[PDB]
Every structure is written in C-alpha cells, then in structure tokens.
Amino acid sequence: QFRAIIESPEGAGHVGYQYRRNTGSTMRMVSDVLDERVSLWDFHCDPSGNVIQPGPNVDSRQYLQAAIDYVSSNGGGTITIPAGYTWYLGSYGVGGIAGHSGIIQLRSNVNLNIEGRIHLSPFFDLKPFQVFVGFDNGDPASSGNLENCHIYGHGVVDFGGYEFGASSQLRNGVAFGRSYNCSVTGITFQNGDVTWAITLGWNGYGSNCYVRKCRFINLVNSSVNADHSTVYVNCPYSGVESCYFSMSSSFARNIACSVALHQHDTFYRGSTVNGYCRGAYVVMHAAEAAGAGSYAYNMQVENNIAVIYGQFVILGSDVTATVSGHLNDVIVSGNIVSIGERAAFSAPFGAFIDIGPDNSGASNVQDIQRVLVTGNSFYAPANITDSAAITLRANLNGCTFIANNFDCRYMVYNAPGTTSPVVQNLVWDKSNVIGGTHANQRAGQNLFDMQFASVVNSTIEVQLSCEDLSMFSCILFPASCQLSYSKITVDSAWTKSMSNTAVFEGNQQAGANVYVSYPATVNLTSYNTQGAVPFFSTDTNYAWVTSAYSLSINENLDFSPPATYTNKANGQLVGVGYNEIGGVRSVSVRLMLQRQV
C-alpha cells in the first residue's frame, strides 16, 4: 500500500522534506526539490520508462528533443547534458527544421548546459547537417523567433570527422535562427568538415547574440568544402569575444575565415586564430539586409592574435536589384597578425586589410568609408611576395591608417591590369611604421603600388626606417591613375641612394591641388659671376616645383650652391649661391623637391 506508492514513480512525491529542518521553510516533498533541476536522463528512456544508456549504437536525438519540448512547455529552464558520457546523435529532426537539415530544434528560454560530449554518428557521413536549429519553419522568412537560449558548459560538440559529400552541401553546429538574446559560452567544437560552427541571426533579424570563451578546433578537413566562416554574425548588437580558433588542414589555409560580421554594432575581440586563411569578413551584403537595414556600421575588430595565410580583415559591400549595402564606421585596432610560413603565391594574397570585390568579382558596387585602422602589428616572412598592408582591389570611399606597424612586401597594393578601383579619402599617416623584413627583396617593385583608376582626397606620408635600395620606387602612380586634391610625401631618411623615390608616370604631381614632396638628384650649372651667382638645373622638368632645398654637403671651398631653389617658366630650377672666386660651376646635388608644401 504505502510500500507500493513509495517504490512507484510517485514515491518521491510522498516523502516529506523541509530545508535544513527550518520550521519557517516550506513543507515540500522530495520530488519537488528534484523537479528544480532536469537532465537528459529524465527523457533518455524507452517507452516503458526504463533508462537507456547512451553510446555509439544509441541515437540520443528523440530523447533530447523530448526534454527540450517539455521544458519549453513549462516556460523554460536549463537541461544538463551530463558529464562522463558521450551522447550520440543519429538521425535528422522532423518538422520545421527538416528544411535546414536540422538535428535538434532549440526552443525559447530553454538553455542547454553541455557538460558531457555530443558526437555525430556515421549516419551523417557525406551528408548535410545543422546540429542545433532555432528556426521553427523550413522557410526562414516565415519562421518565428528564438529568444533567451543559452548553450554553455565545459562540454564538447564533435562532428565525427566526416567529410562533406558535395561542395553544395551546408553544415553548421548551432544555427540560432532569428535569434534574440542567445549565446554560446565555454563549448569546444571540434573534428569536422563544416561551413560554420555557429551562426547568429538571419538576414539581420536578431539581437544580443554572443559567442564567448568557445574553442573551435579542426573544422575543415577536405578539398570538397566550398567555404568556411567559423562564427557568422548576421544580427546586430552581437559578437565574438575571447575565443580560440585553430585549423591544421591545408584546405583551411585557402577557404576558412574565423568570423564574419554582417550587421551593425557587431564586434570580434580578444581571440586567437591559427591556421586559417582569413581573420574576419566585415561586409554589408544587400541580400542580407531585411532585418536591420542596409548599413553595416559600428563594426569593431580589436585585440586579436592571428596567424593566417590570406587576409586578416576583408571589407565589402554590395547590391541587389532593390537594395544597396553600405559599410561605414569601422575600427580595426590592437591586433597582432602574421602570415604563417608559406611559399609566395601558395595561398590567397596575404593582406592585413583587403578591400574585396563582390562575390561576382565586381569592384564598382562598393560603398565603404569611415574606417580607422590603428595600433596594429602585421608581419609577413621575407619570401612572401604576396603580402600587403592593404590590397585595395575595389572602389573605396575612405580608409584611415594611423600608428600601425606593417612589416611585409607592399604597403598599398593592387594588381595592374585587373580592377581599376576608384579611390577617395585613403589616409596613410606618417605614424605608420614600415618594417624592414622585406628589404633587398623588392627588385622591380613599388612599395606603394598605386594601380588605381583614380585617387582623390588622399594622403600618403611615406616614412622608411631602414634602407631598401632593391625597390624600384617608394610610391608609383601609373599614367592611367588620375591624382587630385592629394598629399603625397616621401621623407628623405634612408633614401639618399635611391634612384627613384616617388614616380608619377603621367606627371600627375603637377596638378593644381596636388601637394607633394620627395628627394631627387639634380644637376646644376652656374653663371661665371664672382659673388652672389645663380645656379640653374640642366633639366627642364621642374615646372611644378614650388621650392627645393639641399640634402647634400658642399665639398668645395671656393663656392657654394644655393641652399634653396625655386623654379622658372621653362621648368628649370634656379637659386642664388656664392662664388668666392668666379667661374662656371657644375654640381650634382640631392634636393628635396616640394610642391605647395
């Protein structure tokens, strides 16, 4: 009677309890207290209610779904996935997540505390999957929201090492969906060939979604995998902090990016990356602009550590038939980034910043401006010819560089022939320090290679900190690049032996609102006159020069050339020196040529 009730499932509901024997505390039953927590064990049972042990040959999916569905029905809670066990998933979910190749459906206010391990069984080999899906509809546009869903703990999600079956397939760990106040904290995602580990939001719908203190380990493994971004941030007021990302496959060096920031007010901070092609995309895709507008603004990449093989930050924006995307108000700061040991040209072109074309290769759709790149370090090994502070491959409406340290082959680069970007407001402050690792490697190359259609309202203040006499020039403009309302200077330090410092193939430095200064060697010849006497340049290509001054000592006693020069209508320089004794003088002098500065 009483014995029977006690051994029944209702037994615990008949045993009284009062907290610490406190007479002022609730008189409850044991079952009530045990009902304050919930684990997968409370649903991991056969139809008669007997517990099932997890393992390689047990598909845990329906049991976890039942737990989620039930806790959802009570307004939420946290389900623990117990430590000490590996819980295998072995079949697809059903309903609104089947269109997403979903395994488990997440539900609002239902948190998962993953302390044990979740493993994918070989049912998923060569197939698509998205392990945790927060959509409730096959069509994301008719999906409801996922709110207040947190996954956390010390546990693991293991994708079982299976390769993709076909490049067209997609694979994900956590697809939060149209997600609001959702997060992943503490979890290790490992051992896969996937497209993403976590995606946050859906085409701008969502808010307040975060990935923190997670580890992502070896999540690309095959030539079949088309592309990878480990965390894809597709809702605003969201981001990634204090994570670790590591890949070891060769394929990852060519296709994988750690983070993609695709909506406004998003961030990527304090994370360490190794073995990836790319650091972060920061891109406003017009096809993803439904939920939070057409502008990506307030984008922050800060205080990360990366060894990569391709590009650290990739900026973009694009358009559709009905929507134009814009990118502005970005800060990239405090990051320390290297291109890993590799042969030149063996992975995508190495870059700290890349201004990339759209997915169809168009370089004339972008609207990127008000970007600040400051207080970062970049290094590439001396053999990596394809390394640049910025590869400027598409139209740019502004990017400002202050107080960085760049130590790679090029400072500014774009390939000739290719795209001919239209450039406005590119600012390279004199406080950017140009390293010398690539000294002596730059035969035939221009340090700032300005292979653009045009440059306007831009500043390039070149300052070397060691010699590199192998380079063709410090900065070169082809004749095809228009240049106006710009300031281009080359500091003389470490330049005395350079044949070419600044080169303007179309004589663009003569423009009315071009402000330039650079060293040049000039031959001069004086009149015979004893006393104050003019010296004039033998060459006539200085009609643009507003002043020039001596960078050379005067080895002579009997005369001195002018310290300073102006020009004449015929393009000669002229200055007044001094003949202590008369005679025609002929000298070769290093001058700082200046125009309007």
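One-based numbering along the sequence shown.
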{"property": "280-288 set against 326-334, stretch whose average Cα temperature factor tops the other in the entry", "result": "280-288"}
{"property": "Mean Cα B-factor comparison, 104-112 or 263-271, giving the higher one as deposited", "result": "104-112"}
{"property": "Residue with highest C-alpha B-factor in the PDB entry, from 222, 246, 459, 482", "result": "222"}
{"property": "Highest recorded Cα temperature factor - choice among 63, 549, 544, 535", "result": "63"}
{"property": "Residue 571, C-alpha B-factor rank within chain (lowest, middle or highest third)", "result": "lowest"}
{"property": "Cα B factor band for residue 45 (lowest, middle or highest third within the chain)", "result": "highest"}
{"property": "Relative C-alpha B-factor of residue 164, binned into the chain's lowest, middle or highest third", "result": "highest"}
{"property": "Modelled-residue ranking by C-alpha temperature factor, third containing residue 378", "result": "lowest"}
{"property": "Residue 531 by Cα B-factor - lowest, middle or highest third of the modelled chain", "result": "middle"}
